[PDB]
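This report refers to the structure that appears directly beneath it.
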């Protein structure tokens, strides 16, 4: 149910008029990627009246204020039509962010549970995101849209939809964080920490090998691959959160040590993913299935490159700086007894390999050449322990539940990962699966840990 | 394919002519129970000729010799037709054991694997067991039948079918053991250990409370319940062995100690069953299922009573001396995280309760009154770690694989348990399940231990 659309939410008075940003080679690939959807739920004893009275005006302000900092987010990513080259992120005085305030009679308490919940109901709280308009010899595409949604008496949700080409994940979260700060302290910029102020000037993304060009004036020939429209198809899968616990991580690390006592790279992340990985693989057998126990199996994830020789890139640099790491193995051994130990070996050495490896980013940019993986047989991680979007206090306190809605659309299994709401060192795992798989998996997760 | 039936295999020259044994209250209940089927496989480079030349005559001898000791096994259990009372085990000079030697072109190596195997193919190697004949005012039923089966070039199987009213499990295994000894040493009785010589005279089964009568002249009214005929229906389920390992048991015991550091009763048996129990319960959820997480769940098993104040019953006493122990709990908690710990608590205290408790056997014989359990929602254990039927060396060495075929027919989940073939302290778990359940379970078993 719709309350008021602010088709416009322009950046605050003091904002610049020109901001156009040509895409780094980091940005290019995301053009062929679907859009990102996150929701934040906030438990509140809020009435409708004062949602309209307060929440709207105050959010409306604090937002525009935010955008004066995170300017491209009102912008539009320009996409070249002929073989002229250079996609830019463009912002011009006039264009703005679409936000919708809606009200909803759905069970809040249900939605914010950790128990598996019908995946299709989360699309109601994430904005749909406008259709492409035209400029000369180019076409523009909205980069961000917000839905704020009241649950009379229980809380507010805040949905976000955005193009990965603009954002980063690291970059988008900084932005929410900052918007929250700005609302929380009623737009006193003296509260906006250095860390939440974006750093724009590119070229600090040095590119000697002309890969920004190369990695593009070649994609430039497959535009049907780069869907410019945001087309959402909610699937019937099921979405549930899993909490692996400070202690339990410890126990896992402990297990590794004992068994394979080499290995420098045994971090929380890598035990966690390694654990999930084996549960996925193991839980599949459980659901009566024809599976090639001999076929290869993949795990992948995106780094964040800002730590990079030269001087490590300013931790506020705006675009994308993701690079993918991939692990691989036959299912046979991943499903057999020393599977978790092997999982940790692989995932770990996937990272320990291409770390301070600047060459492989800039040169041998066949970082863009990890294209012999079976998307269908793989496991992709979304977030990062580092990213604490649970810190996004808007004034109504921290959130009750996070949902990374766009882990759904992936062609073969994707998992969210963030810090717990609650206990310092615990982690949240998000998953989106067929109800029977989900059942299978929830039982494997819960079984292994209980022997730890 | 049939080679030669010895419709007769009478006991050796020196045998007694009269042996009739009235049933203890231990024996009565087994009248309403289906028959027991076990197979032993022996890996051998054996040709057909010398199977006929040697194996047959030699087995044929050693067997009759054995039966001169274990006499009732040629007998017939008499079943009263009018309300006169007293079922007896009867043997008379003349009656004998039916044995069949057959040959088979099925893959031996397949059958003796631990991998799940089509349950229906094991009925080919266990004898069918004759139809009831008549005596005046009574009807007789064969108590035992043997099938010996050649696999040209790979081995011999030895199937057994028998009425639980005669045997015991403890009693039947002693008997195989003894037959093996007798063949192995070419019928030199000086090799037959005191332990393998049955003790017959009852009344050492003291009964002051007249329960032999009571617990019968009441069953005496439901004879359609006591199927006198052996009617076999092979089901399509799947049968696979699981090896929990000396070490792994240790690790489990260790886990208990740490968590619930009270509890005297934490034996291998009770961790093992407790473990399986939780895997059963947990693996059911995995297979997309409607299940009452609030409904009660049972575990049961048969003791062996020979250790019993008076003087503990001669360890060779012939009949049955089984009593059932039952544990119970809601599925909810058995499937949740402290499930295995709770499993051990329950199973353990089920035993630690009615141990040296002679009263509860003789008096309060409402040991026979454990009849509020949901057979459908329960887990029944067959064998015992003690019983080493792997020691049955006939001369061709110890066996390659044991199969307790009659764990199939149970109305809700039954598991075999014996010593490993191989490593001193490891245990074998037998199960018979629907292929999808079986898959589910094999993955749970294998997952939990790998974190141990």
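All residue numbers given for chain A refer to Swiss-Prot; the residues shown span 2-453 in order.
Per the header of the entry, the method used was X-ray crystallography, 3.1 Å.
Just so it is clear, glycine is given a Cβ too, placed from its N, Cα and C backbone atoms.
Per Swiss-Prot, active site, proton acceptor is recorded for A:165, A:394. What Swiss-Prot records for A:254, A:266, A:268, A:269 is malonyl-CoA binding site. Per Swiss-Prot, motif 'HXXXD motif' is recorded for A:165-169. Taken from Swiss-Prot, the feature motif 'DFGWG motif' covers A:394-398.
Feature map: annotations from Swiss-Prot on the structure.
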{"residue": "A:165", "record": "active site, proton acceptor", "Cβ contacts under 8 Å, 6 or more apart": "A:31, A:34, A:36, A:37, A:321"}
{"residue": "A:254", "record": "malonyl-CoA binding site", "Cβ contacts under 8 Å, 6 or more apart": "A:267, A:269, A:272"}
{"residue": "A:266", "record": "malonyl-CoA binding site", "Cβ contacts under 8 Å, 6 or more apart": "A:349, A:350, A:352, A:353"}
{"residue": "A:268", "record": "malonyl-CoA binding site", "Cβ contacts under 8 Å, 6 or more apart": "none"}
{"residue": "A:394", "record": "active site, proton acceptor", "Cβ contacts under 8 Å, 6 or more apart": "A:181, A:185"}
Maximum Cα-Cα separation in Å among residues A:254, A:266, A:268, A:269, which the record lists as binding malonyl-CoA: 10
Three-state secondary structure, which DSSP defines for residue A:268 (malonyl-CoA binding site): coil
DSSP-assigned states of the motif 'DFGWG motif' (A:394-398) in counts, ordered helix, strand, coil: 0 helix, 0 strand, 5 coil
Environment of A:254, A:266, A:268, A:269, the listed malonyl-CoA site - residues of the same chain whose CB lies within 8 A of the CB centroid: A:250, A:267, A:270, A:271, A:272, A:349
Near-B candidates in A:165, A:254, A:266, A:268, A:269, A:394, the recorded positions, by Cβ under 8 Å: none
Helix-strand-coil residue split for the motif 'HXXXD motif' (A:165-169), DSSP-based: 0 helix, 0 strand, 5 coil
Cβ atoms near residue A:269 (malonyl-CoA binding site) (within 10 Å, other residues, all chains): 16
